[PDB]
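Notes for the one structure printed next.
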Amino acid sequence: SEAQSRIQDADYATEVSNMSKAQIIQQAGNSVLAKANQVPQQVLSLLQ
Amino acid sequence: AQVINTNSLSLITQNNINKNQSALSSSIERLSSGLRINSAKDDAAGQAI
Amino acid sequence: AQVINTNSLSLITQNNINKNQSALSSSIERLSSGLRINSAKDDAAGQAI
C-alpha cells in the first residue's frame, strides 16, 4: 500500500501551487488580451 | 498601427491562454479528486502498475 | 501534509495495535485460566508431556 501510494497521490503541496500559477497566468493573459484589442483602434485617429 | 484585418498579437495571447487553461483544468481535476492518475489521460505505465 | 488518498502512518499504527492485541488477549486468557499451556495453540510438546 505504501509503495502504490507514491504512484497515485495528489501531493496537494504541488497541486495548489500549480493551480495558483495557472490562475495568475490566466488573469494576466486576459488583461493583456483586453489591452491588445485597443491597438487596431488608433487608425480612426489617422482617418479624421 | 497599420493592420486591423488580423491582430496576430491577440492570436498568440489566445494560444497562451489556451495552454494555461489546459494546465489549470488538469490541476483543478487532480485537486478535486484524490488521485494523481485520474483516468490516465496521463502516463499509462503508472496506472498499469 | 501532502497526501490524503492514503495515510500510511495510521495504517502502520493500526498494524502495531493489532500485533499488540494478540499478546494482550493471550495474557488475559492465561490469567483467567489456571494453566499456561491452555489448549496448546502454544507449544505442543509440552502438552504431550
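Identifiers in the C-alpha cells: chain A, B, ... in order shown; residue index from 1 per chain; ligand index from 1 in order shown.
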For residue 39 (chain B): contacts at 12 Å, only C-alpha atoms, fewer than 5 positions along chain excluded, given as a short mmCIF file (atom, residue, chain, number, x, y, z; two decimals) with N, CA, C and O atoms, in the first residue's frame:
data_model
loop_
_atom_site.label_atom_id
_atom_site.label_comp_id
_atom_site.auth_asym_id
_atom_site.auth_seq_id
_atom_site.Cartn_x
_atom_site.Cartn_y
_atom_site.Cartn_z
N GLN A 8 0.24 7.10 -7.31
CA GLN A 8 -1.01 7.84 -7.50
C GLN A 8 -1.36 8.62 -6.23
O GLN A 8 -2.20 8.20 -5.43
N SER B 26 -6.23 20.53 -15.69
CA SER B 26 -5.56 19.37 -15.12
C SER B 26 -5.37 19.53 -13.61
O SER B 26 -5.65 18.60 -12.84
N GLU B 29 -8.74 19.30 -11.70
CA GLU B 29 -9.22 17.93 -11.66
C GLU B 29 -8.45 17.11 -10.63
O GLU B 29 -9.04 16.43 -9.79
N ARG B 30 -7.12 17.18 -10.68
CA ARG B 30 -6.32 16.41 -9.74
C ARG B 30 -6.49 16.90 -8.31
O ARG B 30 -6.25 16.15 -7.36
N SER B 33 -10.17 15.71 -7.17
CA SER B 33 -10.04 14.28 -6.99
C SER B 33 -8.92 13.97 -6.00
O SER B 33 -8.06 14.81 -5.72
N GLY B 34 -8.95 12.76 -5.45
CA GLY B 34 -7.89 12.34 -4.55
C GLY B 34 -6.68 11.80 -5.29
O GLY B 34 -5.56 11.85 -4.79
N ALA B 44 0.62 5.93 -18.80
CA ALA B 44 -0.07 4.65 -18.79
C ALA B 44 0.63 3.62 -17.91
O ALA B 44 -0.03 2.78 -17.29
N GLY B 46 2.05 4.08 -15.10
CA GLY B 46 1.67 4.27 -13.71
C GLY B 46 0.39 3.55 -13.34
O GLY B 46 0.35 2.82 -12.35
N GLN B 47 -0.67 3.73 -14.13
CA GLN B 47 -1.92 3.05 -13.82
C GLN B 47 -1.81 1.55 -14.06
O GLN B 47 -2.43 0.76 -13.34
N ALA B 48 -1.00 1.15 -15.04
CA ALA B 48 -0.79 -0.28 -15.27
C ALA B 48 -0.15 -0.94 -14.06
O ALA B 48 -0.48 -2.08 -13.72
#
Give one line per residue of chain C that approaches region 9-25 of chain A to at most 12 Å, naming the two atoms of the closest pair and their distance in Å to one decimal, counting only C-alpha atoms; sort by chain then ascending residue number and deliver it as CSV.
residue,atom,partner,partner_atom,distance
C:1,CA,A:13,CA,7.7
C:2,CA,A:11,CA,4.7
C:3,CA,A:11,CA,5.4
C:4,CA,A:9,CA,7.8
C:5,CA,A:9,CA,6.6
C:6,CA,A:9,CA,8.0
C:7,CA,A:9,CA,10.7
Hey, can you spit out that residue selection with C-alpha atoms as an mmCIF file, in the first residue's frame?
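Final output, out_37.cif:
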data_model
loop_
_atom_site.group_PDB
_atom_site.id
_atom_site.type_symbol
_atom_site.label_atom_id
_atom_site.label_comp_id
_atom_site.auth_asym_id
_atom_site.auth_seq_id
_atom_site.Cartn_x
_atom_site.Cartn_y
_atom_site.Cartn_z
ATOM 1 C CA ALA C 1 0.642 17.266 4.822
ATOM 2 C CA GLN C 2 0.957 16.179 1.195
ATOM 3 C CA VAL C 3 -1.180 13.055 0.720
ATOM 4 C CA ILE C 4 -4.765 12.342 1.756
ATOM 5 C CA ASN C 5 -5.724 9.424 -0.518
ATOM 6 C CA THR C 6 -3.743 7.041 1.703
ATOM 7 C CA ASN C 7 -2.385 7.577 5.219
#
Please list as a list in words every residue within 10 Å of region 9-23 of chain C, counting only C-alpha atoms and excluding residues in the same chain fewer than 4 positions away.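 Counting only the stated atoms, we get residues 1 and 2 of chain A; 27, 28 and 29 of chain C.
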Considering only alpha helix (DSSP H) as DSSP defines it on the backbone, what residues of chain C qualify? List them as a ChimeraX atom specification. /C:8-32,45-48
Work out how far apart CA of residue 6 (chain A) and CA of residue 24 (chain B) are and give it in Å to one decimal.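 Interatomic distance, CA of residue 6 (chain A) to CA of residue 24 (chain B): 22.7 Å.
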